[PDB]
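Participant:
Residue numbers (the entry's author numbering), protein chains in the order written: chain 1, 1 to 139, 165 to 217; chain 1', 1 to 139, 165 to 217; chain 2, 13 to 219; chain 4, 15 to 39, 65 to 85; chain 4', 15 to 39, 65 to 85; chain 3, 1 to 221; chain 3', 1 to 221. A prime marks a further copy of an entry chain.
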């Protein structure tokens, strides 16, 4: 179909012009909520502390990449610290940094991992993955966090976004290197 | 609004005088019962004994502070002794101090902690956090307790007030030190 | 394709319209929130067009060349006065961008409104189309028109600093003047108007 | 009430879980707060 | 919704499991997609 | 056979703020009647709305005409619970236990002068980013404000509003925070008959729509 | 007595993609209203259908008449997300996270030449195993194709079909894969008035029946 592309109005076509059909599609796997609803490893704690910042997610992982594909987002959160450690503790967004959690929410370990559920605690209606605040581009606020955890020992930290909502899509780039080759190619799983 | 403040009758005003609204408020977090319904660490046992006295609560902790914000109170109680120890035992308010619990309620440890539930056992309708009994001020009775615990070894003791009722509010002072500064300031949780 | 947009005492008539692109919403409905305590007010007098020259589209600029204009920009009119009198402000934008070239010139500019644009890689440029946009293609039109709503993690902004929106015009195909009668460059102008401006928190102007 | 919320329930009977309250024969501060004057003393203009 | 599916249920109350949403007083892209032109500009033959 | 069950890692550890009850151990205890016991309170904010507490101005709860200075400013302070003037108030006392708040506040002014001493005052809410904080009634009149004079009624109550980009503000101040993110409140004396002081007792209480969220035990040093 | 229960081996370990929720620990938090927030998206394919992204032809998004060569081929590339021309597209971006796909694709061509410069183009889908990939419009006319000429409408949209032995194809290419298992798409220029280039911007979007399955985090190096 010819069209006046300048106006930017969407155009989506079948194969019917050429005599074709349309297959039945089931897009369950491209559902945003479903996609982000899994645990992603963000790394290890530091002095047995870790600020819960979704921007800590590895940017080439499925979750890190998708989260960054949106300008704004909202979600609740689940945490799981795996490692040999006794107890993970937590403080909400806006609390002063402490020397010891003592009395704030504390959860004891069970068979080497501590997993628990948290609520969105920011003071904003939604958070952003980018924020052009005083950083004049020429050709992230304190508040953007989900609290902080305190642990008894070093552990691997995993975050899981629950009830996720994304707004204003942003680019998602391929991360494999073509080298000089035209096609990309790798070894895919095959019977040995 | 002008008023005859001398009479002490309450006055609470909107922003309507200046053209304003009123926001919808949800005071779930300032609910007394909810607030005190959590475990607070009061310390370690002594000769493997500890009198259950809510006044043992750390006075600068959320629970210790709030409990002291009332003259009278009532509640049931939950206890959790964490540490490597085999068994925590208990006797009600008014029982003689014993050499061994033997036969009074005993509860065995499970994965390093022993947690159990108790009933208010005092002989009074309510207890007090202060009691001006023979202590003439110039410009706590035996009975005020929840019993006593006996343990097999030293442990950290946690108390949790259940079904809490508070009467006759008392002052709650700030505990941070301004130093000489005008504002107070600390480091709040922020993305690193 | 004659369309006249008007705001206040200002009008704009184009004869090569290609339509308006509404970004992320069909309207900028204002829902007052608790952050203003109901003291915010609309100032319609501010909702009018102001103009700016963005750049000269020339023969040497190649694909990827990018010019941006962060909003809110400096304003020497009513809108700018709001900033001195009030602490908080919010509004959307009605944007018209033009590149006046002859139909005997060639090339193509991409015009887009991107939110929270702190930085842009060169690869990300291939995907600028995920943002509300339109095209300036000489053979077809000399006008672009995008209308976007107020956006942000906060219901209001504390006077500038934060530029929620940044207009971006980038060369897709280079300008050409291979047919003798075209022009050697095309000036690119911007015609913008703030919409639904609500301000709050009055303070003294001057001293 | 309080900070306990199990959609399901409680396994042991009430007489064991808690102490039983009794009566003989009421939120002062809520009432006190409710009673505060929130109007305007004097006459208003414009 | 999401990647959670227990035919049975959830044990703790909603006010504890998640944060409660509020309102004052909607899938842009679905709508945008829905609106795409999928016809034919001009006349068709044969 | 019997019910197959899967024990899950990460679940079960001791928790201090968990939503479940402990197993009972001592039954059948009936309490003494506490029917009609007076002074009961249910929410800290009910007492916080009804009972204003004293501000501190370098050791005293009152603001005053004062000595030498052609300065009409009786007090100007950061709208912050951590400000030193708010130091001994029930509101700041409570606020140390919550991370965020939202809502209005009420400031009360009780005049203490003799019958023949008359004055006229004004209080304004200065928003953040305002530059030279106004030092004169004249300049301050450009802000949300209230002017009142002395007379039969000794007390005047003012409503400090809530403006911010966000729906909630923090009760604490981050170390790197040069100016008050919430602005200031300035109390000025426009005029006074007699330079011999007339003390104005200042007090603060929660507004009808004030609210705290996120309990925290900020404990220690 | 009490409920007999059998604890099962192999069940219970920590899982990263499991269908259950963690135990709660901090209740009663009510969020700020996010009513009417703009730009919401629910499925990556809705944005993928509506927003075409740029192909890359050695550094530029356009195909062109070009210099020396009596070659009518403007572009001919493997129908593959891993092809270098597809490198910077949202479709290839997303595809790296799924193992398989099925469905149609839309290729768009926007002509950029001046009013007096006219041309006529053609695009064809060349199935796998086709031998000498056609280099001329004449030969390529034997494939599923579309011819169009310049005029009032600058843009033309083409539908790349789905043919394969299987219902789904792989987004990645196995190391031992000499030819494109999915064939190629060839874009040719039948004729042009003026040899001074007229740039055609090429773009790609998901077809109405396109679909991805099997999310994968292909992470690293």
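All C-beta atoms in this analysis are idealised placements derived from N, C-alpha and C, irrespective of residue type, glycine included.
1) Assuming residue 73 (chain 4') is part of the alpha helix (DSSP H), what are its boundary residues?
2) At the level of alpha carbons, what is the spacing between residue 74 (chain 1) and residue 39 (chain 1)?
3) Where in the region 83–123 of chain 3' do unbroken runs of the alpha helix (DSSP H), each at least 4 residues long, occur, reported from the N-terminal end onward?
4) So, does the CB of residue 39 (chain 4') fall closer than 7 Å to a CB anywhere in chain 1?
5) Return yes when the Cβ of residue 107 (chain 3') is within less than 7 Å of the Cβ of residue 44 (chain 3'), no when it is not.
6) Kindly give me the distance between the Cβ atoms of residue 104 (chain 3') and residue 161 (chain 3'), rounded to whole angstroms, as I take these residues to be in contact under 8 Å.
7) Terminal residues of the continuous alpha helix (DSSP H) containing residue 33 (chain 1)?
8) Between residue 36 (chain 2) and residue 200 (chain 2), which are expected to be in contact by the criterion C-beta below 8 Å, what is the C-beta distance as a whole number of angstroms?
9) Check the Cβ-Cβ distances between residue 137 (chain 3') and every residue of chain 1, and say whether any is below 7 Å.
10) According to DSSP, which residues form a beta bridge with residue 12 (chain 1')?
11) For residue 14 (chain 3') versus residue 113 (chain 1), is the C-beta distance shorter than 7 Å?
12) If you drop the 5 nearest sequence neighbours on each side, which residues of the same chain put their C-beta closer than 8 Å to that of residue 100 (chain 3')?
13) Under a Cβ-count criterion, where at least 16 other Cβ atoms within 10 Å of its own Cβ denotes burial, should residue 19 (chain 3') be classed as buried or exposed?
14) Which residue's Cα is closest to the Cα of residue 10 (chain 1'): 206 (chain 3), 216 (chain 3), 218 (chain 3), 217 (chain 3)?
15) Determine whether the Cβ of residue 160 (chain 3') lies closer than 7 Å to any Cβ atom of chain 2.
16) Quick test of your reading: residue 17 (chain 2) and residue 28 (chain 2), contact by CB under 8 Å. State the CB separation rounded to the nearest angstrom.
17) With a threshold of 7 Å between beta carbons, is residue 45 (chain 3') in contact with chain 1?
18) Go through the region 112–183 of chain 3' residue by residue and report every complete run of the beta strand (DSSP E) that reaches 3 residues or more, in order.
19) Around the Cβ of residue 193 (chain 2), are there at least 16 other Cβ atoms within 10 angstroms (buried) or fewer (exposed)?
20) Is the region 57–67 of chain 2 close to the region 105–125 of chain 1, with three or more CB pairs under 8 Å?
21) Thinking C-beta only, is residue 96 (chain 1) closer than 7 Å to residue 172 (chain 1)?
22) Flag this pair as touching only if the region 17–28 of chain 4' and the region 57–67 of chain 1 have three or more C-beta atom pairs under 8 Å; answer yes or no.
23) Do we get a CB-CB distance below 7 Å when we pair residue 23 (chain 3) with the residues of chain 3'?
24) Would you call the CB atoms of residue 104 (chain 2) and residue 40 (chain 2) closer than 7 Å?
25) Hey, could you find the ends of the beta strand (DSSP E) residue 213 (chain 1) is sitting in?
26) According to DSSP, is residue 191 (chain 3) part of a helix, a strand, or is it coil?
27) So is residue 101 (chain 3') in contact with chain 1' if we call contact Cβ pairs under 7 Å?
28) Would you list the one or two residues that DSSP bridges to residue 16 (chain 2)?
29) With 7 Å as the threshold, decide whether the Cβ of residue 83 (chain 2) is near any Cβ in chain 4'.
30) Residue 27 (chain 4): buried (16+ other C-beta within 10 angstroms of its C-beta) or exposed?
31) Do residue 197 (chain 2) and residue 70 (chain 2) have their C-beta atoms within less than 7 Å of each other?
32) If you reduce the DSSP assignment to three classes, tell me which class residue 6 (chain 1') lands in.
33) So residue 52 (chain 3') and residue 184 (chain 2) are in contact, right, with Cβ under 8 Å, and what is the actual spacing, rounded?
34) For residue 140 (chain 3) versus residue 183 (chain 3), is the C-beta distance shorter than 7 Å?
35) Where DSSP assigns a beta bridge to residue 192 (chain 1), which residues make up the other side?
Facilitator: Looking at the coordinates:
1) 67–73
2) 16 Å
3) 90–95
4) no
5) no
6) 6 Å
7) 32–36
8) Wrong, their Cβ atoms sit about 24 Å apart, outside the cutoff.
9) no
10) BP columns for residue 12 (chain 1') are empty, so no partner.
11) yes
12) 168, 169, 170, 171, 212, 213, 214
13) exposed
14) 206 (chain 3)
15) no
16) So it is not a contact: roughly 14 Å between Cβ atoms.
17) yes
18) 119–126, 144–149, 155–160
19) exposed
20) no
21) no
22) no
23) no
24) yes
25) Note, residue 213 (chain 1): premise wrong, no beta strand (DSSP E); not H, not E.
26) strand
27) no
28) 25 (chain 2)
29) no
30) exposed
31) yes
32) helix
33) Actually they are not in contact, since the Cβ atoms of residue 52 (chain 3') and residue 184 (chain 2) sit about 12 Å apart, beyond 8 Å.
34) no
35) 72 (chain 1), 40 (chain 3')
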